Every structure is written in C-alpha cells, then in structure tokens.
Amino acid sequence: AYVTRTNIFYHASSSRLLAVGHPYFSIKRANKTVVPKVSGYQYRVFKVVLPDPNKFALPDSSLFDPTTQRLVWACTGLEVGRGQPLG
Amino acid sequence: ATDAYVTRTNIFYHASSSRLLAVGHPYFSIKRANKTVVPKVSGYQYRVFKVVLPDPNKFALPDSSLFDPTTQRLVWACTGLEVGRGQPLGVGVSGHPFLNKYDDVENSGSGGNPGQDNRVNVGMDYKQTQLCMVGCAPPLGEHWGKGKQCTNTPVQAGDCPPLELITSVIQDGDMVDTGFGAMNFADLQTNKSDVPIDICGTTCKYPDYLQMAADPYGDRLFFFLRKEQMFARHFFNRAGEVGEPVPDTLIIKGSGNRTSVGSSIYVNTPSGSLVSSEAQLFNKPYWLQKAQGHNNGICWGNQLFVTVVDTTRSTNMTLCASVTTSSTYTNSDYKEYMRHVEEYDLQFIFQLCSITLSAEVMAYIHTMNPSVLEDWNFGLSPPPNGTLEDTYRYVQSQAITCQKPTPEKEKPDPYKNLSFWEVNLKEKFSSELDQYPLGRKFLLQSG
Amino acid sequence: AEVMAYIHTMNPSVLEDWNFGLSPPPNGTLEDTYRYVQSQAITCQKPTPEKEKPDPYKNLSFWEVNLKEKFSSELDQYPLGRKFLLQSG
Amino acid sequence: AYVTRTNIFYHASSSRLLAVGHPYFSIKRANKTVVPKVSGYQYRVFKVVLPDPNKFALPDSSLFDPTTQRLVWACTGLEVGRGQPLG
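Chains as they are written, first to last, in the entry's author numbering: chain A, 25 to 111; chain B, 22 to 468; chain C, 380 to 468; chain D, 25 to 111.
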C-alpha cells in the first residue's frame, strides 16, 4: 500500500545459548548471586538486535536514492532451535 | 552440492545380510577371571552398525562400452533402506536392589529423618524411542560433564562444581537417556546408587541434530526419523543428607516435630505408555530422491554408518534351572539368569554414479577428506628412490638378525579405540532386484 | 589465484585472518560453528588458555581503541575532506 | 593491474580520550592500580580497528560479482590534534 519490497534477502542466525541453574530459588552468597533461579518453568524473554542497513554491501543496488528513499530489514523467516532430550 | 559434480547412470543393485549375533544379559557383563564370557546386551543402547562396500572401479564391471576408466570414476549412490525388525513386541522394566528413598511424597503424611542405608529394591520403566541414523561419516553424540573451577576458593567436600558439554562419537552399547539427563553417570553420581544399575557404571548421551545440521558437510546426515513419547507415574525422593538447604526467608518455620527439614530433593518416576503397531516407522522403505543434505547418497569410502534405537522389542525372558528336587518344594532349587535376545537385519538399494576427474573437481575432495584420495589412484609424486638396497636377513647372524621391523605405517583407521558392530557385505550383490522383496516395490513404483 | 599467492606470501599472518572465505585455490571454508559456547553462571572457563593466536604480541601491552562502526557516507558535513574536496576537486 | 581504483571516499571517527598519569613513576596498590603511569615522555602509540570492507560497505554499490571481487578500503589522509597548553 505504501512500501515496495526489496528483491534480495539475507540470512543470519546465532549458534548457541546456554542457561544452567537451580529451579527452586537463586543461589545467593553473602555478597551476591553466582547462580540464579533457573528452570524450565520460567518465561523466556529474548530481544534480538540487528544492524542499521547503511554499513553493508550489495550486488546491484545503486538505483535507490538515499536523499529520497529508505530501507529497513524485515522479518520473513523464523525458527526456534530446541534440542534437549525430552522430559 | 554433489550433484553438480557428478552425472547419473541407470544401473542398480542390492545387498542384504542374514541376522545378528545379539543375545546376552541386560545389565552387566558375565566374565571369568580372564575375560568377558557373555557380553552385556540390552535393548536400551545405541545400536551402531558399520558396513563396507566394494568399490565399483575396483569391481569387474562387465559394461565398458559406455565410459572409460581414465576419463571418469565410479562411486555407489544410496537410494533405498530398510531395517530388520521382527522380534516379539515387548518391554522390560528394571531398576536397582538398593535405591535411595525416603517415602512416597505423592500421597500425604510421611516424613522423618534417615539413619542407616535406606536404599531399597526398586524397579521403574523408561520412555519410548524410535530413530534411525545413516551416514558415511559417524554421528557425534552429546552429553555433559563436570567443569573445572577457577582458583579463588579452595574446594571442600560437598561443593557445587559446574557443568560442561562433552561431545563424542557414539559406540554400539552407549546409553540413551531415560529421563535422567546425560552426564558421567559413573563418576558424577558419586554414590553409584541413586540411579538404576543399567545406567550406573556407564555414561549416557543424547544425539543432537542441529549442530550436525549446522555443519554443511552432510557426510554424517542423510535422513532421520524421530518418535519418542513419555509421561510420569509417581513422585518419590532420595535418602541422604541435604547438601544445600532451603532459605528460611521465603518459607515459614513450624514447631514441634514440624521444625525439621524434610526432603527438598524430589525424584520423578518416569513411565512408558501404550505402544501401537502403527506408530512404528519400521519395515517401510523410503526414497532419498532429494534430502536435507549435500550428499545425494554418495557414501564415501565405500563405507556407511547405521544407527537405530528402538525399545519396542525389549522384554527380558526369565529362566530357572533345577539343582535338586529332594523335598516337595523349596526355594534353593533353582538358579535364575537374565538373558535378552534381539535381532536386526539390513537391506538397501544403491545406484551407481559416474564422476569425472578435473583439477577443480579434485579440489573439493582434497580438502573435504584426504583419505579418499589417499585411497584413490592419482598420486604423482614420481616413483622415488627404489634404487636403494633390498637385502637378505640370513643367519650366522652378522648382528642384525631378525630384521623384519618395519611393515607398518599402513594404518588408516583412527577408530580402533571405537568399538561398534560391523558388517561385511561385499559378496552379496545381484543386478535385478526381482528376486528380492524390497526394491521390487521401487520397481512397482517405477515401471 | 596467481596474485592470491602474492597476498599469501605478503604475510601468512594476513590470510589466516583475511581468510576471507576463499583460501589458496582449492577455495573452501572451515564451517565449525558447533564450538560456539555460551553461559550466564560464572564457570571461569573462558578461552584465556593458549591456542593458535594471530598477532602473538598480545602478551605485550599496547593501546588499541575501537573506531569501526562510526562511519559516514556523507562527508561535506565534516570539515576535513571538504577541504580535500576543495583540494582534489 | 592487480588492484584498480573505485570512485567513492569516506571518513568518520570519534573525538577525545582522557589520559591521566603521574610524571615520574607509576602507582600500584599491593595487587591493583587505580591510575596508570601516563607521562609526556612516553611512546604514545595508538591503534585502531576498522570494519570489514568486503561485505560491509555503502548500499549504493552495484559493481561487483560475488565470485571474484574482494573489496578493501584505501587510506587517503589523517589528522592528529594536540589541544593542550604547550609546556
């Protein structure tokens, strides 16, 4: 209705995240916590950041004009990697 | 990525074995004072099957009016697969004669303090499992292990060591998870008495796919299936002194006999469920026409790994044997041994592919793995210094007698430490599959 | 690929970092992304032990400061190269 | 030749850096320092890192095939600045 889509896409992905701790409460020493309250019963809030599109090279894209046009990344593919043995 | 290199023939074959040497005791090993008599054989292990193939360029091909030897090379390509699953359909439940236990925390009422060795004779079943692994590279297994600590506080007895993933290639006989994690079960569970026997003295692992899916080789990934089911039966505990106690801030203290701290350690009772005829993937041919990997069935090295885990055929058979019948009925009359028998068989349909030879063609194979070109005949390297002396050992020994010291440096297998099952299947080929059931339905498919 | 040996022999320290994805002209990649370790709890098992390290004088001290991601495509709003735009034309 | 030359030129950089230190000697507590020995008669060497030029560039770049075009930055000029009283 208002935007035209870029012909050319990308990929990125992470490779791992781990989180190990104790379910019932946080392991708290007299100073601070070294091991926090971690279990699978917890909500899992994850924020991802993403680069501003001006510092990247493209095969054939001199047509758009930065005095008049604008580009932004867009979410198209999504996938959540889970590989723990179940239980 | 292989299909851009290689073209296609229209020639097919088949091989298959008979059965397997798979009988023995589920939980541990029968040995004499020298060596293991009867091997520890249960159904709950990873089942690694190695086969070898005959090389087709080394094989006498009767058709040579199509393609020349020095122009192109030939390697078999994998299309069809089948496994032999024909045991009785069953399930064994096992455990430990001394398992640490307070009481049932599922019901109400019971709580006390433990004294001497409350480890008792419990036996509980497991989860479901159905999977199938194929590859010209072996799969890599995944489990955990205790972490080393930085030296700022000295380690006391009863501390909190961290954890660390250990990734290693699986052997036949390695232990699959039954709902208790994957770690060094022999070392980390320091009592050797908090889990059942069959997972006591070993380690346990679980296979991850995504890290193998992360590597774009695909020499250890062709096509796999996954059917695993579980739910919980009961709620139980463990017998011992609680290591880390509850913070009394987030709770409320009681009085009398209720001052004391009961169990904070609570143990799941894992359970199996109903199994069907229909949920089995097995006895069913599949077609790797295009797969999720770069390798289009071109199993390198004339070699192929096979691993399948299933416990739907998994009951022990009891047995008794009379020593005497002196009275009418007593209990010192019989000996009871535990044996378990399993079978497998392996059935495949392969294709042949003609691969050309070029410098850019030989580039990728030189860097993907050196052993295939080490096996291949393209090394020049002009024939060096054979001019030197070949001479007689003799006797009346000049002083070097018995000079047969260097036959070695042949050894192309680093996996000699790795112990898993093997199949020699070179001698079993035939051109037309019509005398065989399994590719016949592919010939029913094709026309 | 002929001058790719010239940059290989420029220094082997270059193409061990300037891989980029294309080696001497076999032209393959490493692709070992299973090794990515994460954590949150303090395990102290950070990669500070010895491995193959480019620029091995990291044991020797210096002063390096990051300036990378700050770039500008528009330059005449900066005073520097507009003088050079007066210079170069 | 082996290199060629493009058309477009760039710069941006940050401003300032405080450096504080004792002229004669250094100060360390029994296992830590708070402030280093920074002094005018030292070899002030300063080092920079730069973004990757091949994949990460201007998006109005239409020139290159991915198969054989490697892209590098080229240095043109610099300017240092010394804004203290001279003593």
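Just so it is clear, CB atoms sit at the ideal spot from N, CA and C, and this is done for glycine as well.
Cβ contact annotation for A/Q93 (same chain, cutoff 7 Å, sequence separation greater than five): none.
With its beta carbon less than 8 Å from one in chain C, A/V58 belongs to the interface.
Between B/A260 and B/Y385 the beta-carbon gap is near 59 Å, outside 8 Å, which marks them as no contact. Exposure of B/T346 is indicated by the presence of fewer than 16 other C-beta atoms within 10 angstroms of its C-beta. Taking a Cβ-Cβ threshold of 7 Å, the residues of chain B close to A/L110 are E249, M251, in chain order. C/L454 has its alpha-carbon roughly 29 Å from the corresponding atom of D/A43. At least one CB of chain C lies nearer than 8 Å to the CB of A/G45. Around the CB of B/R334, 16 or more other CB atoms lie within 10 Å, so the residue is classed as buried. Annotation for D/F80: no beta strand (DSSP E) segment contains it, and DSSP assigns it neither H nor E.
In the DSSP annotation of this structure, the continuous segment of the alpha helix (DSSP H) that includes C/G460 starts and ends at 458 to 467.
The three-state secondary structure of B/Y34, taken from DSSP, is strand. Taking 8 Å as the CB threshold, A/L74 stays off the interface with chain D. In the three-state reduction of the DSSP assignment, B/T412 falls in the coil class, being assigned neither a helical nor a strand state. Considered as a whole, the region 61 to 149 of chain B harbours 69 to 73, 93 to 104, 115 to 120, 141 to 145 as its complete beta strand (DSSP E) runs of no fewer than 3 residues, in chain order. The alpha carbon of A/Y65 has as its nearest neighbour, out of A/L95, A/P47, A/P77, the alpha carbon of A/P47. Contact note: C/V382 reaches chain D through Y26, using a C-beta cutoff of 8 Å and chain order.
Per the Cβ contact rule, the region 311 to 324 of chain B is in contact with the region 380 to 397 of chain B (3 or more Cβ pairs under 8 Å). Short of 6 Å from the beta carbon of A/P75, and not among the five residues preceding or following it, lies no beta carbon of its own chain. Residue state for B/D240 is assigned as coil, using DSSP reduced to three classes.
Counting only Cβ-Cβ distances below 8 Å, A/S85 has contacts in chain D at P83, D84, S85, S86, in chain order.
The closest CA to that of A/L41, considering only A/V104, A/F33, A/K79, is found on A/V104. In the structure shown, B/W442 falls within a strand segment according to DSSP collapsed to helix, strand and coil. Under the three-state reduction of DSSP, B/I51 is assigned to strand. Only those residues of the region 30 to 44 of chain A whose C-beta falls short of 7 Å from the nearest C-beta of chain C are listed: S39, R40, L41, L42, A43, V44. Using a CB distance cut-off of 8 Å, A/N55 does not count as an interface residue toward chain C. DSSP places B/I187 in no alpha helix (DSSP H) but in the uninterrupted beta strand (DSSP E) bounded by 184 to 190. Counting C-beta pairs with one atom in each stretch, the region 201 to 215 of chain B and the region 236 to 246 of chain B have fewer than three that are closer than 8 Å, which means they do not touch. Taking a C-beta cut-off of 7 Å against chain C, the contacting residues of the region 148 to 182 of chain B are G168, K169, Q170, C171, listed in chain order. By the 16-neighbour rule on beta-carbons within 10 angstroms, B/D219 is buried. Pairwise C-beta distances place the region 132 to 139 of chain B out of contact with the region 267 to 275 of chain B, as fewer than three of them are shorter than 8 Å. Between B/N316 and B/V73, the CB-CB gap reaches or exceeds 8 Å. Scanning the region 354 to 396 of chain B for uninterrupted beta strand (DSSP E) segments of 3 residues or longer gives 355 to 357, 367 to 377, listed from N- to C-terminal end. For B/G194, the secondary structure class from DSSP, reduced to helix, strand or coil, is coil. Here the alpha carbons of D/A81 and A/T30 stand approximately 18 Å from one another. Assigned with DSSP and collapsed to three states, C/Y436 falls in helix. Contact note: A/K79 reaches chain C through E448, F450, using a C-beta cutoff of 8 Å and chain order.
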